[PDB]
Structure formats: C-alpha cells, structure tokens
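Residue numbers (UniProt numbering), protein chains in the order written: chain H, 681 to 713; chain P, 681 to 713; chain Y, 681 to 713; chain C, 681 to 713; chain G, 681 to 713; chain L, 681 to 713; chain S, 681 to 713; chain R, 681 to 713; chain A, 681 to 713; chain U, 681 to 713.
For each residue, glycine too, the CB sits at the ideal point set by N, CA and C.
Written below as structure tokens is the structure these notes are about.
Protein chains: 10
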Amino acid sequence: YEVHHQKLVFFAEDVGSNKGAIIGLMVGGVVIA
Amino acid sequence: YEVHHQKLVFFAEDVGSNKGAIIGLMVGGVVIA
Amino acid sequence: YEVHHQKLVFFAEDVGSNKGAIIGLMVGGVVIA
Amino acid sequence: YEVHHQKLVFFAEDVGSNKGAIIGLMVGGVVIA
Amino acid sequence: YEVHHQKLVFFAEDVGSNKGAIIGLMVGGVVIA
Amino acid sequence: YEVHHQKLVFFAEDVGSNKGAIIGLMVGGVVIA
Amino acid sequence: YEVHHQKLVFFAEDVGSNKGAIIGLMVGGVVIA
Amino acid sequence: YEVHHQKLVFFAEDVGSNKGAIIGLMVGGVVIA
Amino acid sequence: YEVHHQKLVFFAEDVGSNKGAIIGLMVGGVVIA
Amino acid sequence: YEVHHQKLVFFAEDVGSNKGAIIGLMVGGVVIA
C-alpha cells in the first residue's frame, strides 16, 4: 500500500489528560491504548 | 490499496480525557482502545 | 509500503498530562500506551 | 518500506507532564509508554 | 527500509517534566518510557 | 447556623476534566462554576 | 456560624485537568471557577 | 465565625494539570481560578 | 474569626503542572490563579 | 482573626513545574499566580 500527495493540518487546542493515542495520520501498523 | 490527493483539516478544541484513540486519517492497520 | 509527498502541520497548544502517545505521522510499527 | 519527500511542522506549546511518547514522525519500530 | 528528502521543524515551547520520550523523527528501533 | 459531629468519606477515582466545582462539604457561601 | 468536631477523608485518585475548584471542606467564602 | 476540632486527610494521587484551585479546607476568603 | 485545634494531612503524589493554587488550609484571604 | 492550635503535615512527592502557588497554610493575605 502506497500513500502520497497529502496535506494535513492538525490542531489540539486543549487536552486534559490522554491515556490513549492521538495520531494525525497512520498509514498502517497497530496502536493500542 | 493506494490513497493520495487528500486535504484534511482536524480540530480538537477541548477534550477532557481520552482513553481510546483520536485519529485524523487511517488508511489501514488495527487500533485498539 | 511507500509514503512520500506529504505536508503535515501539527499543533499541541496545551496538554495536561499524556500517559500514552502523541504522533504526528506513523507509516508503520507498533505503539503501545 | 521507503519514505521520502515530506515536510513536517510540529508544535508543542505547553505540556504539563508526559509519561509516554511524543513523536513527530515514525516510519517504523516499536514505541512503548 | 530507506528514508530521505525530509524537512522537519520541531518546537517544544514549554514542558513541565517528561518521564518518557520526545522524538522529532524515528525511522526505526525501540523506545521504552 | 452551626455544623458539627460529621464523618465524611469522599472518593474521586477518575475525572477527565472539571470546569466547575467538586466539594466534599459546604456549610455555606457561594460557589460559581 | 461555627463548625467543629468533623472527620473528613478526601481522595483524588486521578484527575486529568481541573479548571475550577476542588475543595475538601468550605465553611464559607466565595469560590469562582 | 469559628472553626475548630477538625481532622482532615487529603489525597491527590495523580493530577494532570490544574488551572484552578485545590484546597483541603477553607474557612473563608475568596478563591478565583 | 478564629481557627484552632485542627489536624491536617495533605498528600500530592503526582502533579504534572499547576498554573493555579494548591492549598492545604486557608482561613482567609484571597487567592487568584 | 486569630488562628492557633493546628497540626499540619504536607507532602509534595513530585511536581513537574509549578507556575502558581503551593501553600501549606494561609491565614490571610492575597496570593496571585
């Protein structure tokens, strides 16, 4: 699988407490909280 | 599978506490909270 | 899998305490909180 | 897997205390909090 | 796996105390907090 | 008004983010969120 | 107003981010978040 | 107003980031977050 | 106003970053975050 | 206002960075973060 030619803007103005995962972009893999 | 030519704008103004996953874009893979 | 030609802007204005993972971009691999 | 031709801007304006991982870009590998 | 032709700008304006890992870019390897 | 001879046990196992007030006991006064 | 002879036990096991007030006991006064 | 003969136990096991006030006991006064 | 005969135990096991006030006991006065 | 006959035990096991005020006991006055 191929990924290209992408424009991404991510904003996290305020987060209290994150026990998991915050991801802008994820082509593949495994993420576990 | 191929993904391309995408414009993405993501906003997270306020989150108390996230125990899972916040993802802007996910082509594939496995995410577990 | 190949990834290229990507523009990414990431903002984290305020985070209290993160016990997990904050990732701008992840092509592959495994991330565990 | 090959990754190239990427522009990435990362901002962390304020973080209280991070017990996990903050990553701008991760092509592969394993990250554990 | 090969990685090249990347522009990365990283900002950490203020961090209270980090018990884990802050990484601008990670092609591979294993990072444990 | 008089208050006395009180046994109070308070537990807050997990709170995401509180924008108001958490009070174990309040004899009087004014609290505004 | 008089307050006396009180036993109070307070527990805050985990709080993400508090923008207000956490008070074990408040006889009087004014608290504003 | 008089306050006396009080036993207070306070626990704050984990707090991400507090922008307000954490008070064990407050007889009077004004607290603003 | 008079305050006396008080036993207070305060615990702060872990705090990421506090922008406000952490007070064990406050008879009076004004506290602003 | 008079304050007397008080036993206070304060513990701060770990604090990342405090931009405000940490007070064991405050009879009066004004504290600004």
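When DSSP builds the beta bridges, which residues end up paired with residue 692 (chain R)? S:692 and A:692
Which term fits residue 689 (chain G), buried or exposed, when burial requires 16 or more other beta carbons within 10 angstroms of its beta carbon? exposed
Quick check on residue 700 (chain L) - is its C-beta less than 8 angstroms from some C-beta in chain P? no
Can residue 667 (chain G) and residue 701 (chain C) be called in contact, C-beta distance under 8 angstroms? There is no way to answer for residue 667 (chain G), as the model of chain G reaches only from 681 to 713.
Look up residue 701 (chain G) in the DSSP assignment and give the residues it is bridged to. C:701
Within the 8 angstroms Cβ cut-off, does residue 696 (chain R) reach chain Y? yes
Inspect the beta-carbon positions of residue 683 (chain A) and residue 710 (chain R) and report whether they are closer than 8 angstroms. no
Residue 710 (chain A) in three-state terms, based on DSSP: strand
Closest residue to residue 713 (chain H) among Y:706, Y:699 and Y:687 (Cα-Cα distance): Y:699
Alpha carbon to alpha carbon, how far is residue 707 (chain R) from residue 686 (chain L)? 16 angstroms
Give the straight-line distance between the Cα atoms of residue 694 (chain Y) and residue 696 (chain R), rounded to the nearest whole angstrom. 11 angstroms
Note down the Cα distance separating residue 681 (chain S) from residue 681 (chain U), rounded to an integer number of angstroms. 14 angstroms
Can you tell me the Cα-Cα spacing of residue 704 (chain R) and residue 703 (chain S), whole angstroms? 6 angstroms
Which residues does DSSP list as the beta-bridge partners of residue 684 (chain Y)? H:684 and C:684
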